[PDB]
Amino acid sequence: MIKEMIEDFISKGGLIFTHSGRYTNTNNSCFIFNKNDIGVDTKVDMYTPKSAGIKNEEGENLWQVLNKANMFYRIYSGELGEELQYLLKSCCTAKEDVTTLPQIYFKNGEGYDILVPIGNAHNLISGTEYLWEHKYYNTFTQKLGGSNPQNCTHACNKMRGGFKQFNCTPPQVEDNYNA
Amino acid sequence: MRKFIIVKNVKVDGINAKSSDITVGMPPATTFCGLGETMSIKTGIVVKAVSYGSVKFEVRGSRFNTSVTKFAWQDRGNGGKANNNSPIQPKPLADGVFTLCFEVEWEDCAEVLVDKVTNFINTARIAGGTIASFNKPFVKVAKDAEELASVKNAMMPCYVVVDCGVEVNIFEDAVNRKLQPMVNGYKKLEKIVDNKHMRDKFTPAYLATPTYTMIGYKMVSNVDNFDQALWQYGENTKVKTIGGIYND
Amino acid sequence: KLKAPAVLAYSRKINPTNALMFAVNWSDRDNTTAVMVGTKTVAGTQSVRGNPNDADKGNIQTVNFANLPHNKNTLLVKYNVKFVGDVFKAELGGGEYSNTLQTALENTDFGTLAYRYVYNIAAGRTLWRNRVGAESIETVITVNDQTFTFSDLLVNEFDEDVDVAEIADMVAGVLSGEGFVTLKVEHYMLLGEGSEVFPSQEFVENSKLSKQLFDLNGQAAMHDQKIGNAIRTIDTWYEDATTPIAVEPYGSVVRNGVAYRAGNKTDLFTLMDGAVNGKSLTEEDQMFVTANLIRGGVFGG
Amino acid sequence: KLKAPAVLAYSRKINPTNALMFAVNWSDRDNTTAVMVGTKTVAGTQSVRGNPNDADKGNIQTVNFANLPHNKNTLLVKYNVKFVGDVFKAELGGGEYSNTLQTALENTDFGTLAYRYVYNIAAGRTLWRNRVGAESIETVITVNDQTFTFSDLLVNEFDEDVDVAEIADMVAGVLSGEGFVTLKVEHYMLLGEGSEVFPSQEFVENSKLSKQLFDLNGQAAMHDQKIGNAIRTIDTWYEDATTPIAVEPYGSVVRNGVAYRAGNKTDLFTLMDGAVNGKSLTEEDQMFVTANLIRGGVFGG
């Protein structure tokens, strides 16, 4: 109903994050939480060791709980109490590490700036969900992990549809003609 | 505007197509900006306008799951397991033939600049690529805006990249108008406190994320006015066009 | 104190290009043609160990092939390679640690490295399965507007050669701090008439085909990585196991699944720390530790 | 205990070219013309087993045909064969299993295998069912600038001949450790004026055509493994069934659905295990094993 998932997530080593470099290198363990991304229609991601989770005896899945009625936001308003929000947020501790990340130098008027580009999971989720309903077979696909990909994320495990990559190939100039 | 140097049919090999975690294909213009500022700091000339074109571009592989490179053991954590099936780390590559057209102002000579720019190009990289063969760069002269069309009659044929604008947000607009995204710049989010493993101990460390803009690949003759294809550095680490919104 | 850096990088000193493949006649070398790829079908049984029961089933498959035309007898493999200097200049990480290795190095003989690299290029080790069955293999190399014609053979029984010494000395001088030198490799071979040709493969998620060939606008070509691996096989610096292997830290090739240079006191990072803390070592190992440094890459962890 | 390695790959030794088909007369064999492919349509009833009900419809298809012109009455099938020696070394892996297997081997006779191979080449068995309804055939084979002409009968039931003896001796000599030898063949055929031919067929996905044909730039031809399967059909070395079959582990022919050399005490793998650690083999099995080694493949895993 309300608690059991919450205490199951807390007792086991669960963590919430939105930007991570694991899609580039699996060896990194840097996780940070950003303030700006809180919103009604922003997507998040979670990690637990062994990627076990729990299974309902009646039969339930992780995806459905996020988008049914938004119960945790419905309690966020303060109808039932304010204690549980702090209870949940207290487990979100961020770690910093830059090893095995690219460095890019960028020019800003007079001077330099060093940057480390990172990806967003919400972009992937939105793109896949919006393209999966229009029957647009104009993308590549790729699976992470490799030999043992089920221990990395549930994305390779459960939804076999595949990720969507934009085809940025421009047309070529046909030779032996004016154009 | 006084002097333009043009290099055509530049063969680049083994381009790293994984620009980001979601964008694979044409490299972003931020690498062009970085190479331009590197040329500015190395040669010593301030450059304002940047132009480039696409001639050939082939991605290694097929319609999906293009190419995978076998990576071997290069870390000091091996010795027992380092005898079979090194980790995979999927990263596709590509091949291409491009061209460049740059503006330069210099009045001490006319050919020493060609010498040094050729020397620098001979020892450069293109998004992980490698220059294979290139034509001899040639020089063009321009004076002001009305005669600018002359240059479009000087270096045909190629494609051009033009801005068209976005309405509210691109999540559905990109599919609706069936154009291609591209990373116009980076937006800073927080500051990296640690200064241990950086390549420098004085440059400030910031964390940023890409921002997406709309560009389109068309014919030069189909472009009514050329100023839509100029790139100028803007406020908040952005790049803008001189002509603004496209209109008929 | 003197903690080993977990981040260090070095530039790719040797840059090979995409090898391109052509069909040309032995005596009509003015006119050449490209080799296409095409696609065909095969139908063979299953030869799987320990499966007597499944020997009565067929199997239809589709693969790409490549070979000389009906009337041609010469294979032409041509490409360009570039050697650059700037050694011992870190490109990502390290400002006061590379010099500490430099004051130990510069006692090695770069001439030997250049001799071995040019010998590998000239002999033809860059072509793996193309040399099986060819009676005549020769090359012509044009560098700095001067040309040399090599008919080198006998990759075994290494002997000193004085005809190739000049280019080896030139490039060796180039490595110890200079600009760039470009070499054009134009291997000619006379494998036969209509015989098969072996261009580089690439693997894809299970698709309509089962053996895809590398194509560059309707023409077979070889990957850069394989040529680069051909360039850097000089490692003859252990007491046995002739027919040397490629050079890399923890040097062991997975292709045949051998494990050489294991944790038996012969590695890369195990050396300099014991050299600075204690006495120096033989001249053999400076050779190896600079060889794998010349190849670019990121080292650390 | 000497377990078989994880990977043991052998490269093939008999490489045939990709055959080609032309049309000539019986006296002007100097000039040749090609054989095109084209296309056409067919229509007919649906006659299958135990289906009287669906015999009311007429199915129309489009097929691909091939036949001689109306002014030629001779078929010219030409290709080349290459025998490459240096047997008994695995291409992938193998330092102790392969070496011990070799030391056990090279006690058999290469002359018998070479003789049977050259007889299969000369008898015309490499020419598949175009030979039905043939008046008279001849084979012209050229080696070392020496030509030999055959009008040989008895495709099966290997007899004794002197014309193939020296070629068999040469092949046996080059097969017991040597370089390579090349043969060029010019099979001539007298089907008749306007008769049809039979090149290979493709199995493609659901396209417009219903029976495709193999072609090189629009020219009927045969794959270079049907010829390979025709060359190495010498396996006369089991309990019965003269008119032998090819050489492969778990000796099988899919067109009949019967798999000889099953788990009945005779097999490549069991005999190899006996040879590598145990007693010796008989005359038949040793040469069967080395003949199977002549063909490439993968073993172990």
# chains A, B, ... in the order shown; residues from 1 in each chain; ligands from 1
>>> closest_atom_pairs(of="chain C", to="chain D", cutoff="10 Å", atoms="only C-alpha atoms", output="tab-separated table")
residue	atom	partner	partner_atom	distance
C:38	CA	D:216	CA	9.2
C:40	CA	D:202	CA	7.3
C:41	CA	D:202	CA	6.0
C:42	CA	D:225	CA	8.3
C:43	CA	D:225	CA	9.3
C:44	CA	D:254	CA	9.2
C:45	CA	D:254	CA	7.7
C:46	CA	D:250	CA	9.0
C:47	CA	D:249	CA	6.5
C:48	CA	D:299	CA	7.7
C:49	CA	D:300	CA	6.6
C:50	CA	D:269	CA	8.8
C:51	CA	D:250	CA	9.0
C:52	CA	D:262	CA	5.8
C:53	CA	D:262	CA	8.2
C:54	CA	D:259	CA	9.4
C:55	CA	D:259	CA	6.3
C:56	CA	D:257	CA	5.6
C:57	CA	D:254	CA	6.6
C:58	CA	D:254	CA	6.2
C:59	CA	D:254	CA	9.6
C:60	CA	D:203	CA	7.7
C:61	CA	D:203	CA	8.6
C:62	CA	D:203	CA	8.5
C:67	CA	D:18	CA	9.0
C:68	CA	D:17	CA	9.9
C:69	CA	D:216	CA	9.2
C:70	CA	D:20	CA	8.3
C:132	CA	D:84	CA	8.2
C:133	CA	D:180	CA	6.0
C:134	CA	D:180	CA	8.5
C:135	CA	D:180	CA	8.7
C:192	CA	D:182	CA	8.7
C:193	CA	D:80	CA	7.7
C:194	CA	D:17	CA	5.9
C:195	CA	D:17	CA	5.7
C:196	CA	D:17	CA	7.6
C:208	CA	D:205	CA	9.6
C:254	CA	D:93	CA	9.8
C:255	CA	D:92	CA	7.1
C:256	CA	D:93	CA	4.4
C:257	CA	D:93	CA	7.0
C:258	CA	D:93	CA	8.1
>>> interface_residues(of="chain B", to="chain C", cutoff="6 Å", atoms="only C-alpha atoms", output="ChimeraX atom specification")
/B:65,75,79,83-84,199
>>> write_last_selection(atoms="C-alpha atoms", output="short mmCIF file (atom, residue, chain, number, x, y, z; two decimals), in the first residue's frame")
data_model
loop_
_atom_site.label_atom_id
_atom_site.label_comp_id
_atom_site.auth_asym_id
_atom_site.auth_seq_id
_atom_site.Cartn_x
_atom_site.Cartn_y
_atom_site.Cartn_z
CA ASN B 65 24.26 -1.52 -34.06
CA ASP B 75 44.75 -0.80 -16.38
CA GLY B 79 47.23 -10.41 -14.38
CA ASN B 83 43.96 -13.66 -20.66
CA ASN B 84 40.52 -13.82 -22.33
CA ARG B 199 45.01 19.13 -16.07
#
>>> residues_around(residues="segment 225-237 of chain B", least_positions_apart="2", cutoff="8 Å", atoms="only C-alpha atoms", output="PDB file with N, CA, C and O atoms, in the first residue's frame")
ATOM      1  N   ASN A 108      35.507  31.367 -23.599  1.00  0.00           N
ATOM      2  CA  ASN A 108      34.451  32.244 -23.088  1.00  0.00           C
ATOM      3  C   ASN A 108      34.901  33.707 -23.076  1.00  0.00           C
ATOM      4  O   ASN A 108      35.320  34.256 -22.056  1.00  0.00           O
TER       5      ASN A 108
ATOM      6  N   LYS B  48      36.564  35.419 -35.974  1.00  0.00           N
ATOM      7  CA  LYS B  48      35.191  35.736 -35.601  1.00  0.00           C
ATOM      8  C   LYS B  48      34.178  34.816 -36.261  1.00  0.00           C
ATOM      9  O   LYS B  48      33.299  34.277 -35.578  1.00  0.00           O
ATOM     10  N   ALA B  49      34.274  34.621 -37.572  1.00  0.00           N
ATOM     11  CA  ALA B  49      33.325  33.812 -38.323  1.00  0.00           C
ATOM     12  C   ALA B  49      33.913  32.436 -38.599  1.00  0.00           C
ATOM     13  O   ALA B  49      35.090  32.312 -38.952  1.00  0.00           O
ATOM     14  N   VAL B  50      33.087  31.407 -38.437  1.00  0.00           N
ATOM     15  CA  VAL B  50      33.485  30.026 -38.677  1.00  0.00           C
ATOM     16  C   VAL B  50      32.506  29.405 -39.666  1.00  0.00           C
ATOM     17  O   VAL B  50      31.290  29.604 -39.557  1.00  0.00           O
ATOM     18  N   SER B  51      33.038  28.694 -40.656  1.00  0.00           N
ATOM     19  CA  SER B  51      32.233  28.031 -41.669  1.00  0.00           C
ATOM     20  C   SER B  51      32.810  26.655 -41.960  1.00  0.00           C
ATOM     21  O   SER B  51      34.029  26.462 -41.918  1.00  0.00           O
ATOM     22  N   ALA B 149      28.238  37.715 -52.182  1.00  0.00           N
ATOM     23  CA  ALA B 149      27.725  36.593 -52.964  1.00  0.00           C
ATOM     24  C   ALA B 149      28.817  35.965 -53.819  1.00  0.00           C
ATOM     25  O   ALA B 149      28.748  34.776 -54.152  1.00  0.00           O
ATOM     26  N   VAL B 160      24.879  23.515 -46.948  1.00  0.00           N
ATOM     27  CA  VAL B 160      24.946  24.589 -45.971  1.00  0.00           C
ATOM     28  C   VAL B 160      24.039  24.255 -44.799  1.00  0.00           C
ATOM     29  O   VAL B 160      23.045  23.533 -44.932  1.00  0.00           O
ATOM     30  N   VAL B 161      24.392  24.808 -43.642  1.00  0.00           N
ATOM     31  CA  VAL B 161      23.682  24.592 -42.390  1.00  0.00           C
ATOM     32  C   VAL B 161      23.053  25.914 -41.974  1.00  0.00           C
ATOM     33  O   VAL B 161      23.756  26.918 -41.805  1.00  0.00           O
ATOM     34  N   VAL B 162      21.730  25.911 -41.808  1.00  0.00           N
ATOM     35  CA  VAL B 162      20.979  27.133 -41.548  1.00  0.00           C
ATOM     36  C   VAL B 162      20.068  26.923 -40.344  1.00  0.00           C
ATOM     37  O   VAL B 162      19.556  25.829 -40.102  1.00  0.00           O
ATOM     38  N   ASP B 163      19.885  27.993 -39.573  1.00  0.00           N
ATOM     39  CA  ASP B 163      19.002  27.974 -38.417  1.00  0.00           C
ATOM     40  C   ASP B 163      17.567  28.247 -38.846  1.00  0.00           C
ATOM     41  O   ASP B 163      17.317  29.034 -39.763  1.00  0.00           O
ATOM     42  N   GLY B 185      25.587  24.656 -27.535  1.00  0.00           N
ATOM     43  CA  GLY B 185      26.439  25.085 -26.447  1.00  0.00           C
ATOM     44  C   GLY B 185      26.162  24.284 -25.191  1.00  0.00           C
ATOM     45  O   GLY B 185      25.394  23.318 -25.198  1.00  0.00           O
ATOM     46  N   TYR B 186      26.812  24.710 -24.111  1.00  0.00           N
ATOM     47  CA  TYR B 186      26.718  24.056 -22.816  1.00  0.00           C
ATOM     48  C   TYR B 186      26.223  25.051 -21.777  1.00  0.00           C
ATOM     49  O   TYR B 186      26.590  26.230 -21.809  1.00  0.00           O
ATOM     50  N   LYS B 187      25.389  24.573 -20.858  1.00  0.00           N
ATOM     51  CA  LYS B 187      24.860  25.382 -19.769  1.00  0.00           C
ATOM     52  C   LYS B 187      25.441  24.877 -18.456  1.00  0.00           C
ATOM     53  O   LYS B 187      25.326  23.688 -18.139  1.00  0.00           O
ATOM     54  N   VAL B 223      19.466  29.155 -50.397  1.00  0.00           N
ATOM     55  CA  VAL B 223      19.593  30.151 -49.338  1.00  0.00           C
ATOM     56  C   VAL B 223      19.443  31.537 -49.955  1.00  0.00           C
ATOM     57  O   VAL B 223      20.225  31.926 -50.829  1.00  0.00           O
ATOM     58  N   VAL B 239      25.767  30.530 -29.051  1.00  0.00           N
ATOM     59  CA  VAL B 239      26.157  30.895 -30.408  1.00  0.00           C
ATOM     60  C   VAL B 239      24.896  31.257 -31.178  1.00  0.00           C
ATOM     61  O   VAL B 239      23.916  30.503 -31.162  1.00  0.00           O
ATOM     62  N   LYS B 240      24.921  32.406 -31.849  1.00  0.00           N
ATOM     63  CA  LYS B 240      23.756  32.934 -32.540  1.00  0.00           C
ATOM     64  C   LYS B 240      24.092  33.201 -34.002  1.00  0.00           C
ATOM     65  O   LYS B 240      25.256  33.189 -34.412  1.00  0.00           O
ATOM     66  N   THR B 241      23.043  33.434 -34.785  1.00  0.00           N
ATOM     67  CA  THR B 241      23.167  33.802 -36.187  1.00  0.00           C
ATOM     68  C   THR B 241      22.978  35.306 -36.350  1.00  0.00           C
ATOM     69  O   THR B 241      22.288  35.955 -35.559  1.00  0.00           O
ATOM     70  N   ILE B 242      23.613  35.857 -37.385  1.00  0.00           N
ATOM     71  CA  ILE B 242      23.543  37.297 -37.614  1.00  0.00           C
ATOM     72  C   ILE B 242      22.149  37.705 -38.076  1.00  0.00           C
ATOM     73  O   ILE B 242      21.610  38.729 -37.639  1.00  0.00           O
ATOM     74  N   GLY B 243      21.542  36.918 -38.961  1.00  0.00           N
ATOM     75  CA  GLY B 243      20.270  37.284 -39.548  1.00  0.00           C
ATOM     76  C   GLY B 243      19.036  36.997 -38.727  1.00  0.00           C
ATOM     77  O   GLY B 243      17.965  37.522 -39.044  1.00  0.00           O
ATOM     78  N   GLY B 244      19.144  36.183 -37.684  1.00  0.00           N
ATOM     79  CA  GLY B 244      18.001  35.915 -36.837  1.00  0.00           C
ATOM     80  C   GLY B 244      17.054  34.879 -37.420  1.00  0.00           C
ATOM     81  O   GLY B 244      17.455  33.883 -38.031  1.00  0.00           O
ATOM     82  N   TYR B 246      14.533  32.836 -39.594  1.00  0.00           N
ATOM     83  CA  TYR B 246      14.348  32.599 -41.019  1.00  0.00           C
ATOM     84  C   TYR B 246      12.963  33.044 -41.473  1.00  0.00           C
ATOM     85  O   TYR B 246      11.956  32.768 -40.817  1.00  0.00           O
TER      86      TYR B 246
END
>>> closest_residue(among="C:10, C:150, C:22, C:198", to="residue 73 of chain C", atoms="only C-alpha atoms")
C:22
>>> residues_around(residues="residue 34 of chain A", least_positions_apart="5", cutoff="9 Å", atoms="only C-alpha atoms", output="PyMOL selection string")
(chain A and resi 17-19) or (chain B and resi 189-190)
>>> closest_residue(among="A:152, A:24, A:77, A:86", to="chain B", atoms="only C-alpha atoms")
A:24
>>> residues_around(residues="residue 178 of chain B", least_positions_apart="2", cutoff="12 Å", atoms="only C-alpha atoms", output="list in words")
residues 136, 138, 166, 167 and 168 of chain A; 170, 171, 172, 173, 174, 175, 176, 180, 181, 214, 215, 216 and 217 of chain B
>>> write_last_selection(atoms="C-alpha atoms", output="mmCIF file, in the first residue's frame")
data_model
loop_
_atom_site.group_PDB
_atom_site.id
_atom_site.type_symbol
_atom_site.label_atom_id
_atom_site.label_comp_id
_atom_site.auth_asym_id
_atom_site.auth_seq_id
_atom_site.Cartn_x
_atom_site.Cartn_y
_atom_site.Cartn_z
ATOM 1 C CA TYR A 136 9.126 5.560 -36.863
ATOM 2 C CA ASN A 138 14.464 5.592 -38.409
ATOM 3 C CA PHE A 166 18.892 9.990 -33.782
ATOM 4 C CA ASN A 167 20.177 9.424 -37.321
ATOM 5 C CA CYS A 168 22.417 12.452 -37.905
ATOM 6 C CA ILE B 170 11.914 20.410 -29.171
ATOM 7 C CA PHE B 171 10.822 17.119 -27.557
ATOM 8 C CA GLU B 172 7.984 16.738 -30.058
ATOM 9 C CA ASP B 173 8.960 19.521 -32.483
ATOM 10 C CA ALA B 174 12.015 17.630 -33.763
ATOM 11 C CA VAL B 175 9.835 14.698 -34.827
ATOM 12 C CA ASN B 176 7.036 16.944 -36.109
ATOM 13 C CA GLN B 180 17.945 17.199 -36.858
ATOM 14 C CA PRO B 181 19.152 18.386 -33.436
ATOM 15 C CA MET B 214 17.706 23.315 -34.694
ATOM 16 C CA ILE B 215 19.813 23.380 -37.854
ATOM 17 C CA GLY B 216 19.049 22.222 -41.370
ATOM 18 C CA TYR B 217 21.079 21.013 -44.327
#
>>> residues_around(residues="segment 147-149 of chain C", least_positions_apart="5", cutoff="10 Å", atoms="only C-alpha atoms", output="list in words")
residues 122, 138, 139, 140, 141, 142, 163, 164, 167 and 184 of chain C
>>> select_by_dssp(residues="segment 80-175 of chain A", states="strand (DSSP E or B)", output="list in words")
residues 95, 104, 105, 106, 107, 112, 113, 114, 115, 139, 140, 165, 166 and 167 of chain A
>>> write_last_selection(atoms="N, CA and C atoms", output="compact mmCIF listing (two decimals), in the first residue's frame")
# COMPACT_ATOMS: atom_id res chain seq x y z
N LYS A 95 28.07 11.82 -3.89
CA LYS A 95 29.50 11.58 -3.93
C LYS A 95 30.09 12.18 -5.21
N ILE A 104 36.80 18.85 -21.62
CA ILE A 104 36.67 19.69 -22.81
C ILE A 104 37.00 21.13 -22.43
N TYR A 105 37.83 21.77 -23.25
CA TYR A 105 38.20 23.17 -23.08
C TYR A 105 37.33 24.04 -23.97
N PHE A 106 36.76 25.10 -23.38
CA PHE A 106 35.83 25.96 -24.10
C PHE A 106 36.24 27.41 -23.89
N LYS A 107 36.10 28.21 -24.95
CA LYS A 107 36.51 29.61 -24.94
C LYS A 107 35.32 30.49 -24.59
N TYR A 112 39.41 30.79 -20.41
CA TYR A 112 39.09 29.40 -20.67
C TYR A 112 38.09 28.89 -19.65
N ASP A 113 37.44 27.78 -19.99
CA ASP A 113 36.65 27.04 -19.01
C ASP A 113 36.75 25.56 -19.32
N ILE A 114 36.90 24.76 -18.27
CA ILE A 114 36.95 23.31 -18.41
C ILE A 114 35.59 22.73 -18.06
N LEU A 115 35.09 21.84 -18.91
CA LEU A 115 33.76 21.27 -18.76
C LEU A 115 33.82 19.76 -18.94
N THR A 139 15.89 4.83 -36.60
CA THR A 139 16.86 4.97 -35.52
C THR A 139 17.69 3.70 -35.41
N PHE A 140 18.86 3.83 -34.79
CA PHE A 140 19.69 2.67 -34.50
C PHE A 140 19.20 2.03 -33.19
N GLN A 165 18.35 6.14 -31.08
CA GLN A 165 19.41 7.08 -31.40
C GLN A 165 19.04 7.85 -32.66
N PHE A 166 19.20 9.17 -32.62
CA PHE A 166 18.89 9.99 -33.78
C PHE A 166 19.87 9.70 -34.91
N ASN A 167 19.35 9.63 -36.14
CA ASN A 167 20.18 9.42 -37.32
C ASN A 167 20.62 10.79 -37.82
>>> decode(residues="segment 100-112 of chain A", atoms="N, CA, C and O atoms", output="PDB file, in the first residue's frame")
ATOM      1  N   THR A 100      38.263   8.996 -14.973  1.00  0.00           N
ATOM      2  CA  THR A 100      37.723   8.411 -16.205  1.00  0.00           C
ATOM      3  C   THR A 100      36.526   9.205 -16.724  1.00  0.00           C
ATOM      4  O   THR A 100      35.481   8.644 -17.056  1.00  0.00           O
ATOM      5  N   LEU A 101      36.681  10.528 -16.793  1.00  0.00           N
ATOM      6  CA  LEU A 101      35.711  11.399 -17.438  1.00  0.00           C
ATOM      7  C   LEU A 101      36.444  12.293 -18.429  1.00  0.00           C
ATOM      8  O   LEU A 101      37.569  12.735 -18.152  1.00  0.00           O
ATOM      9  N   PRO A 102      35.840  12.570 -19.580  1.00  0.00           N
ATOM     10  CA  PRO A 102      36.484  13.455 -20.555  1.00  0.00           C
ATOM     11  C   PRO A 102      36.556  14.889 -20.056  1.00  0.00           C
ATOM     12  O   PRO A 102      35.738  15.335 -19.249  1.00  0.00           O
ATOM     13  N   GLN A 103      37.557  15.611 -20.553  1.00  0.00           N
ATOM     14  CA  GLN A 103      37.717  17.035 -20.286  1.00  0.00           C
ATOM     15  C   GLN A 103      37.601  17.786 -21.602  1.00  0.00           C
ATOM     16  O   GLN A 103      38.234  17.403 -22.590  1.00  0.00           O
ATOM     17  N   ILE A 104      36.800  18.851 -21.621  1.00  0.00           N
ATOM     18  CA  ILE A 104      36.674  19.690 -22.808  1.00  0.00           C
ATOM     19  C   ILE A 104      36.998  21.130 -22.435  1.00  0.00           C
ATOM     20  O   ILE A 104      36.534  21.637 -21.407  1.00  0.00           O
ATOM     21  N   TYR A 105      37.827  21.770 -23.253  1.00  0.00           N
ATOM     22  CA  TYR A 105      38.199  23.165 -23.078  1.00  0.00           C
ATOM     23  C   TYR A 105      37.328  24.042 -23.967  1.00  0.00           C
ATOM     24  O   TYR A 105      37.170  23.771 -25.160  1.00  0.00           O
ATOM     25  N   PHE A 106      36.762  25.099 -23.384  1.00  0.00           N
ATOM     26  CA  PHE A 106      35.830  25.959 -24.099  1.00  0.00           C
ATOM     27  C   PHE A 106      36.236  27.412 -23.893  1.00  0.00           C
ATOM     28  O   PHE A 106      36.661  27.801 -22.800  1.00  0.00           O
ATOM     29  N   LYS A 107      36.096  28.209 -24.949  1.00  0.00           N
ATOM     30  CA  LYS A 107      36.507  29.606 -24.940  1.00  0.00           C
ATOM     31  C   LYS A 107      35.318  30.491 -24.587  1.00  0.00           C
ATOM     32  O   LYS A 107      34.251  30.384 -25.200  1.00  0.00           O
ATOM     33  N   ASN A 108      35.507  31.367 -23.599  1.00  0.00           N
ATOM     34  CA  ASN A 108      34.451  32.244 -23.088  1.00  0.00           C
ATOM     35  C   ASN A 108      34.901  33.707 -23.076  1.00  0.00           C
ATOM     36  O   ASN A 108      35.320  34.256 -22.056  1.00  0.00           O
ATOM     37  N   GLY A 109      34.755  34.366 -24.223  1.00  0.00           N
ATOM     38  CA  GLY A 109      35.240  35.724 -24.355  1.00  0.00           C
ATOM     39  C   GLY A 109      36.744  35.766 -24.200  1.00  0.00           C
ATOM     40  O   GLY A 109      37.474  35.315 -25.085  1.00  0.00           O
ATOM     41  N   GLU A 110      37.221  36.310 -23.086  1.00  0.00           N
ATOM     42  CA  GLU A 110      38.637  36.257 -22.731  1.00  0.00           C
ATOM     43  C   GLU A 110      38.775  35.276 -21.573  1.00  0.00           C
ATOM     44  O   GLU A 110      38.295  35.535 -20.466  1.00  0.00           O
ATOM     45  N   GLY A 111      39.426  34.147 -21.827  1.00  0.00           N
ATOM     46  CA  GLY A 111      39.649  33.136 -20.818  1.00  0.00           C
ATOM     47  C   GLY A 111      39.213  31.766 -21.287  1.00  0.00           C
ATOM     48  O   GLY A 111      38.712  31.582 -22.394  1.00  0.00           O
ATOM     49  N   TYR A 112      39.409  30.790 -20.405  1.00  0.00           N
ATOM     50  CA  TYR A 112      39.093  29.396 -20.673  1.00  0.00           C
ATOM     51  C   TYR A 112      38.086  28.891 -19.651  1.00  0.00           C
ATOM     52  O   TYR A 112      37.890  29.489 -18.590  1.00  0.00           O
TER      53      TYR A 112
END
